[PDB]
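A.B. asks: This structure is in structure tokens; I'll ask about it shortly.
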Amino acid sequence: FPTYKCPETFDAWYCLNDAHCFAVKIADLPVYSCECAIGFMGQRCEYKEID
Amino acid sequence: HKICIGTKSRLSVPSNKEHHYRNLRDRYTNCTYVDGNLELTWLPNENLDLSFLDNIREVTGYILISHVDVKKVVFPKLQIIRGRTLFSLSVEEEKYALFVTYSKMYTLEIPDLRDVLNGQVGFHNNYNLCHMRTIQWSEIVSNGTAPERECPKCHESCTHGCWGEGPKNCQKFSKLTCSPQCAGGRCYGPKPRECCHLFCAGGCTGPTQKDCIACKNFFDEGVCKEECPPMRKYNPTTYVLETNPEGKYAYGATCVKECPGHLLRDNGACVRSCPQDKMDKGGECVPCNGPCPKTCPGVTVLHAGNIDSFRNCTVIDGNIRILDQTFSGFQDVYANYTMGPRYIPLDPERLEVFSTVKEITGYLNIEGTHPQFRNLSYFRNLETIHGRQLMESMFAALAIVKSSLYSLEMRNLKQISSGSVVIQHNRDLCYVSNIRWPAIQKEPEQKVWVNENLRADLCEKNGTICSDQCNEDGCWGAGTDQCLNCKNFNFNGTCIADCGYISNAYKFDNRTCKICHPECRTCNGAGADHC
Amino acid sequence: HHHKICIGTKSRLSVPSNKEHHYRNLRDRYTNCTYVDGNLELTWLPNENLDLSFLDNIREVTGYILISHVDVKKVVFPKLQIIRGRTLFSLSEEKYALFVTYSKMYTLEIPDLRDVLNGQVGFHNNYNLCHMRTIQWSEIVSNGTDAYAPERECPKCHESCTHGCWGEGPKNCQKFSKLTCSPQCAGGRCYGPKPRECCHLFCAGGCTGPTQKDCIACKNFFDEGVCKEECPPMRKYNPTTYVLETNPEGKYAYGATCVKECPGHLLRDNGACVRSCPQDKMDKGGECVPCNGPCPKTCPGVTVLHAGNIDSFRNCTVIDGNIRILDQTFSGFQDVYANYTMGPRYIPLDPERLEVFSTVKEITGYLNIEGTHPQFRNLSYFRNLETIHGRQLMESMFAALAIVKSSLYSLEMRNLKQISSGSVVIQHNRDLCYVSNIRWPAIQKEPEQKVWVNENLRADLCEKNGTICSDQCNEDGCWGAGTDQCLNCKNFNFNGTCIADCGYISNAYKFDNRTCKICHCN
């Protein structure tokens, strides 16, 4: 399930709160999404998880 | 008939996928009707149970299925997808009510699915998936292959295509199937004049409005209506609006006789907020005589970029969320997913802007962490949180989660109109467990969660425990003003043991002292000569 | 739009003194009309020479059709297809959408009348009338009902004709959107005899295809050709955000019609189109609006002014209705009830009592004055009247202001800045003066509005007689002799009056060449 590095600008600045950026191409389009750090969720990992 | 709230994180996931699975199971099991988008992503291991899907009947937003490798995905009871929120890959391009991609299931069985009300259907780059090419999506969508593995014929049983192997699995038709006299609707037999009322959604069992499966717009009295019974009903014969004794307020897909009361009433509707022509009056969304009080829209996250807007606001329409990134500062992203402008870190001293604030129509959410973000005295003049819009599945009007706060300090907060209090995992926060929140909340049905804050004993030893001058109701901080309710006497919003302590105080009530008229030093009473 | 909208008439079975004026009236009212909002009544046309081509473009009538005492050999509605019968005609108990009495016409031709949505058809005493018995009204009359002999021998219905005819020839064959139909679409109307060939349940009296988009006319609501249960709301409530959003696709409801803009005679109020504003609401720019502060007072109009109802206008700022001032008004007049039964007679009143209208600023209907009394001169009683909206007009010449055979020496209503949507008719006032010299378009809102000013006192005799406009005042005219009475001033206007130069009236600062103002100058 192949995943690639984001453009520098996205890699550095897209994901917040110590998340990691990953990129997929779907239908020849780059989709930049993120792997959230423990306790965060949201698209840019911006929201704190509630128990 | 349980509700559940859909997520909206798209292809993003928790690092821990087992956690992720358990997150979905929690959210969706026993769910009938999902409000929002249901995103079923990153089940990378076959043999995950997937039972939570079993009860879902309606999804208001889009359904997105991505990176799921369970062999067979079944939505046993899903019949309609409203697609009121749609999924996109770039701002230009199709918006999807259903999109499955990069996924390893052998079959996606959504039998019994009748209607996708808005948005398109998409499948991209997912092998082993079958029978989707055999499905007529023209039948399911209003307007808008090469699987490499075998691919079992549909059962002999059924005339068109199928969702999967069963005779249970062939696609049925309620729409394309019936007479042309039914344009705009589904239809319950194939004869012309066997069609269902244009008011409902996803089929119907007969011609009348009591008869469809779901209500397209409003459900009232067990009958679908397109519009709630009007307060003023028009008469076409004599050209006049009459007053309607049968009139009812529109309250999100139901018609109610009186509004919830934490809501406003626009002409025919229970509303969250007045539109630009009009303004709040007691209850009603009345029009502005002359000027319209300028107002302050809530912000999605509070940051150094938007803080200025809140200067001099008495009422915040919307909500206030101060999150970690508020203090740390962050880059913004435009809706194109091009990087926008960077935001300098916010300094808690700048939150003073809210001191003018008296009411919050949405919810207050404080999760931000910072060495100097100690109290919440910026909101010292805030007196009510309306809770017209709540936060998370907890349904919180006031959520304080993992903030750096030590005390609340919100002296004037008298009311939370609707929704719950949730205050958890604030490590040196005090007072919060001794605050009798019910006092503050408008209705006893409203709930409170207070857990994992600085332990009560540990506050006591520090002596951050609240005046003697206040009752069992608790308090927002240590000081005499802080107390929610004075124990004995109240003088100038200060809690005092006995009026006599202050010479300039005279005993106005049984629970009050007022200051003595400039004129004289010590009064018996409340006068210019009286003293 | 709507193509051409007419207003129907309420005056029913009432005989007219002058047959030519009456024909002229009907011709004026109905020509080029496609949709009659009201009742269409053809009464007392006795001349067989009369030309009835004003009926030529009528396609729909919202109320009833009354045809009585019509004597022309053939009466033909070439394009009428629907009678709504929202209001029905019945005598002093059965209720009619179509009622035809005491007429001598040989043939009544409504070749394309597909549907009568409400009320019953009725014929009575039409001795030459023919073919009506060959109709089979059960098809035409919604509800699915049978409805109501000639002196002559009656022409064989055309051979083309499957069942019945409205007259001679094949174009007069009766069409059967309803009875022809396959049982398979019971409770509707098919465009063909086969079982799949029927019509949308919204369709009224026919259609071209199965969709609600192919309806001829509709039972429910007709929005720019399509048919819908309801008209797109102006404000639509959002279930997700709980907010009553404004609707870009919104239209107003005019009857069973759906319009972007509301017709002139109606006010828009809450996405509907009403003739009157509510109690808590103010008329403003054709829209009911909330009135800032308390609402201004209003009283209803009266069909004829007299002692009984004159007091009712005390302190009125707006008159919602019409005002007719008749010889009867002064004379006091013998009342009557519809039954034709005599009513009470009201002591007469004198003109001085007309000072009630002093507070009046607007009349929503028309102002009519045909009263005569030796002391009834000037119309200064209406000296504070500003505007006459022609929301309803008089039956002849579409008159918003009609002063006819009155005993007036002058108008004297300054502040009358606007008659919107009417025509002005001032004729045969023996001693009325000034009216000839007022240029009425100055007061009128649209150049298309007409003025008729004929038969008053000679303008030459008024010169000799002395009574003319002040030497201040442009060519627009004046309402009377005075210095305040002027429509517009040349030479500078100050207060309610006009002076030449702000040098006069001791102090006045000239903050315009055309205006001066008072000092506690420059």
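Numbering starts fresh at 1 for the residues of each chain in the structure tokens, the chains themselves are lettered A, B, ... in the order given, and ligands are numbered from 1 as they appear.
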Kindly provide, as an MDAnalysis selection string, the residues of chain B having any atom no farther than 7 Å from an atom of chain A, counting only C-alpha atoms.
C.D. replies: chainID B and resid 9:15 331
A.B. asks: Can you tell me, as a ChimeraX atom specification, what residues are no more than 7 Å from range 109-126 of chain C when counting only C-alpha atoms, ignoring any on the same chain fewer than 4 positions away?
C.D. replies: /C:75-86,88,95-104,140-142,147-148,166-167,171-174,204-206
A.B. asks: List the spatial neighbours of range 306-317 of chain C as a list in words - criterion: any atom at most 8 Å away, only C-alpha atoms, same-chain residues fewer than 5 positions off excluded.
C.D. replies: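 Contacts, with the query itself left out: residues 296, 297, 298, 299, 328, 329, 330, 332, 333, 346, 347, 348, 349, 353, 354, 356, 357, 358, 359, 360, 361 and 362 of chain C.
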A.B. asks: Contacts between chain C and chain B, please, where a residue of chain B counts if it comes within 8 Å (with only C-alpha atoms); show its shortest atom pair and distance in Å to one decimal, rows by chain and ascending number, as a tab-separated table.
C.D. replies:
residue	atom	partner	partner_atom	distance
B:179	CA	C:196	CA	7.2
B:180	CA	C:210	CA	5.5
B:181	CA	C:210	CA	4.6
B:182	CA	C:211	CA	7.0
B:183	CA	C:211	CA	5.7
B:191	CA	C:184	CA	7.1
B:192	CA	C:185	CA	5.9
B:193	CA	C:185	CA	6.0
B:234	CA	C:272	CA	6.7
B:235	CA	C:255	CA	7.7
B:236	CA	C:255	CA	4.2
B:237	CA	C:86	CA	6.0
B:238	CA	C:275	CA	7.8
B:239	CA	C:274	CA	4.3
B:240	CA	C:274	CA	4.4
B:241	CA	C:274	CA	6.6
B:250	CA	C:237	CA	7.3
B:251	CA	C:242	CA	7.1
B:252	CA	C:239	CA	3.9
B:253	CA	C:239	CA	5.8
B:266	CA	C:244	CA	6.7
B:269	CA	C:244	CA	6.4
B:270	CA	C:242	CA	6.7
B:271	CA	C:243	CA	4.7
B:272	CA	C:242	CA	5.6
B:273	CA	C:243	CA	6.5
B:274	CA	C:243	CA	7.8
B:275	CA	C:245	CA	7.7
B:287	CA	C:290	CA	7.7
B:289	CA	C:292	CA	6.4
A.B. asks: Could you work out how far CA of residue 465 in chain B lies from CA of residue 367 in chain B, giving the answer in Å with one decimal?
C.D. replies: 23.2 Å
A.B. asks: When DSSP is applied to the backbone of this structure, which of range 339-443 of chain C are assigned strand (DSSP E)? Write them out as a ChimeraX atom specification.
C.D. replies: /C:341-345,362-363,367-369,387-389,399-404,418-420,423-427
A.B. asks: Would you compute the distance between CA of residue 143 in chain C and CA of residue 223 in chain C? Give it in Å to one decimal.
C.D. replies: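 CA of residue 223 in chain C lies 24.3 Å from CA of residue 143 in chain C.
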A.B. asks: Can you measure CA of residue 71 in chain B to CA of residue 153 in chain B for me? One decimal in Å is fine.
C.D. replies: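 One can read the CA of residue 71 in chain B to CA of residue 153 in chain B distance as 18.1 Å.
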A.B. asks: Determine which residues of chain A DSSP labels as helix (DSSP H, G or I) from the backbone of this structure, then write them out as a list in words.
C.D. replies: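 Selection result, helix (DSSP H, G or I) within chain A: residues 8, 9, 10, 11, 12 and 13 of chain A.
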A.B. asks: Could you please take those selected residues and save C-alpha atoms as a short mmCIF file (atom, residue, chain, number, x, y, z; two decimals), in the first residue's frame?
C.D. replies:
data_model
loop_
_atom_site.label_atom_id
_atom_site.label_comp_id
_atom_site.auth_asym_id
_atom_site.auth_seq_id
_atom_site.Cartn_x
_atom_site.Cartn_y
_atom_site.Cartn_z
CA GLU A 8 9.03 20.01 1.34
CA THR A 9 6.58 22.83 1.97
CA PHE A 10 3.86 20.33 2.97
CA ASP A 11 6.20 17.97 4.76
CA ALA A 12 7.47 20.73 7.07
CA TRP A 13 4.27 22.68 7.59
#
A.B. asks: Neighbours of range 314-329 of chain B within 6 Å (only C-alpha atoms; same-chain residues fewer than 6 positions away dropped), as a list in words?
C.D. replies: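 Once the adjacent positions are removed, what remains is residues 296, 297, 298, 301, 302, 303, 343, 344, 345, 346, 356, 357, 358, 359, 360, 361, 362, 363, 364, 365, 366, 367, 368 and 369 of chain B.
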